[PDB]
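S.K.:
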Amino acid sequence: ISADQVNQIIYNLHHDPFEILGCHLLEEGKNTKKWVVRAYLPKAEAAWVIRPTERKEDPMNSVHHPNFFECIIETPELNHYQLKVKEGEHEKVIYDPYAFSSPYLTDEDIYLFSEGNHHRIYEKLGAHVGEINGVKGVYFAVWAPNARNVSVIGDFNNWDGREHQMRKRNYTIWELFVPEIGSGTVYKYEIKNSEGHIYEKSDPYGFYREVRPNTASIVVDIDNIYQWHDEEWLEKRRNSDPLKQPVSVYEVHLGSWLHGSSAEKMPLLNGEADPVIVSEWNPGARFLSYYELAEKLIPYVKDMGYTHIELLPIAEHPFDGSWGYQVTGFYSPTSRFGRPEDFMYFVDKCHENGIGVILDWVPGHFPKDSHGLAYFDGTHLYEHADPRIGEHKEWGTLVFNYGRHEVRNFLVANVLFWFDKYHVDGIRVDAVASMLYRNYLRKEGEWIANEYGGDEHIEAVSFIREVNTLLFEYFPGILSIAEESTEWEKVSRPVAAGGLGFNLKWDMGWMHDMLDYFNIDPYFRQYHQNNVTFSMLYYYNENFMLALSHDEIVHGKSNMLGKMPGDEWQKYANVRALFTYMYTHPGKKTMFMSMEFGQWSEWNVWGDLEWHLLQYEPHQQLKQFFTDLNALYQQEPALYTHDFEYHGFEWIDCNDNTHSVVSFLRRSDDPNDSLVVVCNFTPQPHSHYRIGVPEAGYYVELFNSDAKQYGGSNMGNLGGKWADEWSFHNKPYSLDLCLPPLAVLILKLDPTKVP
Ligand SMILES: [Mg+2]
Ligand SMILES: [Mg+2]
Ligand SMILES: [Mg+2]
Ligand SMILES: [Mg+2]
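Every position in the sequence shown, counted from 1, becomes a number in the authors' numbering once 4 is added.
#1: Terminal residues of the continuous beta strand (DSSP E) containing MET595?
#2: Let me confirm a value: residue 762 is counted as buried when at least 16 other C-beta atoms fall within 10 Å, else exposed. Which label applies?
#3: Considering only C-alpha positions, which residue in the set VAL67, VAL133, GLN249 and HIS201 is nearest to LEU180?
#4: Under DSSP, the beta strand (DSSP E) around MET270 begins and ends at which residues?
#5: Consider the C-beta atom of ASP364 and the heavy atoms of ligand 1; say whether any pair is separated by less than 6 Å.
#6: Which runs of the beta strand (DSSP E) spanning at least 3 residues fall entirely within the segment 643-717, listed in chain order?
#7: Secondary structure at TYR193, three-state DSSP: helix, strand or coil?
#8: For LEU565, which of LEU552, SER553 and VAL579 has the nearest alpha-carbon?
#9: Does the segment 507-515 come close enough to the segment 483-497 that 3 or more CB-CB pairs lie under 8 Å?
#10: Exposed or buried, what is residue 771 when buried is set at 16 or more other beta-carbons lying within 10 Å of its beta-carbon?
#11: In terms of residues, what are the limits of the beta strand (DSSP E) holding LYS37?
#12: With DSSP collapsed to three states, give me the class of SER206.
#13: What does the shell around ligand 2 hold, if a residue joins when its beta-carbon is under 7 Å from any heavy atom?
#14: Since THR490 contacts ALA437 with CB under 8 Å, what's their CB separation in whole angstroms?
#15: May I ask which residues mark the beginning and end of the alpha helix (DSSP H) holding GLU119?
#16: From this set, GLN530, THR631, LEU679 and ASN197, which residue's C-alpha is nearest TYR702's C-alpha?
#17: Taking only heavy atoms of ligand 4 into account, decide whether any of them is closer than 6 Å to the Cβ of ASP324.
#18: So within the segment 519-589, which uninterrupted alpha helix (DSSP H) runs reach at least 4 residues, ignoring any that extend past its ends?
#19: Taking only three categories from DSSP, how would you classify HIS263?
#20: Taking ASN634 as the reference, give the member of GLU91, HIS94 and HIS312 with the closest Cα.
#21: Taking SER252 and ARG290 to be in contact with their CB atoms under 8 Å, please state how far apart those CB atoms are, rounded to whole angstroms.
#22: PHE467: which of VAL411, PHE648, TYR209 and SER374 sits nearest, CA to CA?
#23: Pick out whichever of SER664, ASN721, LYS735 and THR332 has its Cα sitting closest to the Cα of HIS692.
#24: Taking Cβ positions, are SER339 and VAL215 nearer each other than 7 Å?
#25: Which residues does DSSP pair with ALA220 in a beta bridge?
#26: So which of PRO687, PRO183, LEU109 and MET568 has the shortest CA-CA distance to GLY138?
#27: Quick one, which of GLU276, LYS447, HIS396 and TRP237 has its alpha-carbon nearest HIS355's?
#28: Roughly how many angstroms separate the alpha carbons of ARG343 and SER155, rounded to a whole number?
#29: Mapping DSSP to helix, strand and coil, what is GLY325?
#30: Start and end of the alpha helix (DSSP H) containing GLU74?
#31: Alpha carbon to alpha carbon, how far is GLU606 from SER562?
#32: Within the same chain, show all residues whose beta-carbon is closer than 7 Å to that of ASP459, passing over the 5 residues directly before and after it, in chain order.
#33: For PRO217 and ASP373, what's the separation of their Cα atoms in angstroms?
#34: Quick check: the segment 238-245 against the segment 254-265, are there 3 or more CB pairs under 8 Å?
#35: Determine the direct distance from the alpha carbon of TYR542 to that of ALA711, and round the result to whole angstroms.
#36: By DSSP's criteria, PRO183 is part of a beta bridge. Which residues make up the other side?
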């Protein structure tokens with residue numbers, strides 16, 4: 005490029021910067037092409053072009069001006085890239101602001117979508133504010149290849165689409181530009197199918213939706229509604245390995261954490277709306293907005309000390325009682341809690357407080373509701389036509405045709421969408437087995453095998469691998485968490501190693517072992533010592549997340565206290581011992597709202613949590629317990645640097661079944677960060693109990709779950725204990741401990757202590 009062209013850009017004299025900025029073809033070779041990407045990045049000193057799907061990165065060079073950059077790249081196609089931009093000591097990664105010169109679908113967009121590889125399809129499908137032929141308006145586009153006709157109906161034409169019939173492009177996608185309407189427009193698509201039947205559909209790629217049970221889509225100017233402040237969070241994430249950090253997740257169902265009064269409006273970020281009543285049977289209650297949740301949930305979490313919030317599915321869903329797991333509006337955060345920019349504000353405020361956001365994401369199925377994706381164009385479009393692979397009959401839902409390119413693309417791009425537009429830090433996928441098996445919840449003679457005779461759902465395995473390949477290329481540093489309940493192998497291993505590409509898997513066997521164990525009367529736990537220790541046998545086959553989830557405190561299973569035997573003191577003590585063990589056992593941690601304050605009743609998705617319990621000392625003490633435990637977890641490297649290496653854990657003794665006592669070490673990089681953990685899972689105290697330790701010296705009692713401030717009896721070692729030169733458990737030194745009842749101790753060598 006010339007200096008004159010540069011200067012035109014720098015001084016805002018150029019007639020159309022898209023002519024120069026963005027990605028432009030320079031030449032075509034025999035087997036490749038030469039491209040330039042240009043960027044004007046005021047205040048940046050350096051920039052790179054990332055091609056995350058090829059795992060490449062090329063520096064950009066300043067050209068004529070220190071803030072004007074170019075990068076020449078040879079490759080057959082340059083569809084997928086990001087700009088990494090350094091301003092002083094800080095780096096951000098963004099999509100190219102000049103990527104798309106027009107709001108309409110190009111030939112190239114259509115080709116990539118036809119092939120299943122348009123990672124940014126949601127920039128063109130759906131509804132977008134823009135300009136065509138000189139006039140501002142909204143561009144609508146929808147995939148419906150077998151429809152006979154499609155029209156845009158909405159507020160702007162009183163729901164009569166005769167003058168807003170769409171144009172079909174390439175036998176596949178319908179479009180229309182509507183001048184002089186903007187964000188806030190309410191609409192649907194009116195489709196006529198091959199039989200002549202006329203019906204109404206919400207926008208599959210819609211960005212916002214009326215409040216259930218209404219279903220019209222609403223136009224959002226998604227790139228001009230919110231100003232983020234989380235660049236430093238996003239930089240640290242991208243440059244860190246979350247597997248080597250503390251990860252303690254507070255799992256939350258937004259609709260049922262806390263309710264407000266329906267006698268007032270729902271406040272929004274700089275605005276308000278009518279209240280959304282929780283149900284017809286509880287009409288005095290409304291949901292809190294994303295905005296109110298930012299102001300209330302986030303400081304609550306921060307003070308408790310969790311590193312992450314995990315949300316039950318926030319994608320738009322018609323029935324509260326599905327908990328969000330039957331989604332019909334995959335590209336919009338539920339309108340129960342306000343607008344897209346209110347959820348953006350929630351995430352930005354998490355990041356300001358140093359808290360990450362994990363979304364439960366639901367690619368496995370979708371419900372039959374007629375506004376949604378089902379039978380979209382008068383054919384089996386999103387779902388597979390064969391009910392043996394396209395329906396989950398026991399659930400009454402439909403299963404995506406993962407082999408069909410445009411369906412694969414809908415979902416792959418949807419996962420990316422949440423990380424792009426809403427800056428989330430992770431996803432969690434429930435019931436991964438439901439996708440992986442062609443015989444899932446199907447009787448003999450009612451499913452068919454794959455092309456090799458097996459039960460593996462090949463197309464679904466390929467989709468999962470593609471999702472996780474792409475996610476980590478575009479957004480390194482994120483969490484991709486699976487729950488897979490059939491011992492499918494290598495769930496949390498890289499795709500190139502034959503895995504499914506997740507980086508963490510819920511340890512469901514661990515969860516069952518613990519909750520079954522703790523539910524046993526303590527005298528009988530001697531017959532089930534193996535529940536305590538067994539999960540360490542397979543532990544290194546995956547990267548495990550230790551999750552005690554929402555699913556465990558519903559349907560007659562009781563809340564945590566209710567699972568435990570004994571009198572009220574012992575029930576609390578059991579909860580503290582279980583969770584101290586959980587936080588000291590190798591693996592990352594997840595627990596569900598209400599567990600941290602000892603709610604007695606099961607989680608009820610139709611009400612809110614029993615916050616009044618925190619008026620009382622025992623609940624307050626348990627909450628302080630969790631606060632201190634989260635703090636300890638973040639403060640002790642041996643609890644998080646080596647979760648997934650043999651070095652990070654070793655049993656000291658796990659053979660005393662007759663007293664339900666086990667002990668173990670956790671280690672990190674520094675040998676002085678080693679921790680000694682001792683568990684007593686009966687109510688019998690022990691005044692002298694010997695445990696082998698690896699070094700001489702004074703072992704401080706760093707944590708004790710029987711402390712009086714946690715509701716315990718305050719038994720313990722009065723600060724700590726000198727090791728004896730007295731070999732035990734095959735170690736040269738040993739501690740003569742007092743073990744409190746139904747309690748866990750954590751001890752740590754203070755090598756500077758005065759003898
Ligand atoms: Mg009509
Ligand atoms: Mg399940
Ligand atoms: Mg057993
Ligand atoms: Mg309530």
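For every residue, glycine included, the Cβ atom is placed at its ideal position computed from N, Cα and C.
M.R.: If we stick to the structure as given:
#1: 592-596
#2: Since the displayed the chain opens at 5 and closes at 759, residue 762 lies outside it and no answer follows.
#3: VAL133
#4: 270-272
#5: no
#6: Complete beta strand (DSSP E) runs here, min 3: 653-657, 665-670, 679-684, 690-697 and 702-708.
#7: Three-state DSSP puts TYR193 in a strand.
#8: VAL579
#9: Counting Cβ pairs under 8 Å, three or more are found: they touch.
#10: With the chain represented from 5 up to 759, any question about residue 771 goes unanswered, as that position is not in the structure.
#11: 37-44
#12: DSSP places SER206 outside both helix and strand once states are collapsed to three, so it counts as coil.
#13: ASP434, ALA435, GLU487, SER489 and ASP555
#14: 5 Å
#15: 111-119
#16: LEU679
#17: no
#18: 533-537, 564-567 and 572-588
#19: strand
#20: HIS312
#21: Their Cβ separation, rounded to whole angstroms, is 30 Å, which puts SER252 and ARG290 out of contact at 8 Å.
#22: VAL411
#23: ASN721
#24: Yes, Cβ-Cβ distance for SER339 and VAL215 is below 7 Å.
#25: The partner list for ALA220 (beta bridge, DSSP) is empty, contrary to what the question assumes.
#26: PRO183
#27: Ranking the options by Cα distance to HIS355, first place goes to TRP237.
#28: 26 Å
#29: Looking at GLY325 - three-state DSSP - the assignment turns out to be helix.
#30: Segment 72-78 is the beta strand (DSSP E) holding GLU74; no alpha helix (DSSP H) there.
#31: 5 Å
#32: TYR441, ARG442, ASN443 and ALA453
#33: 11 Å
#34: no
#35: In a straight line, the C-alpha of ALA711 is about 33 Å away from that of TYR542.
#36: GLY141
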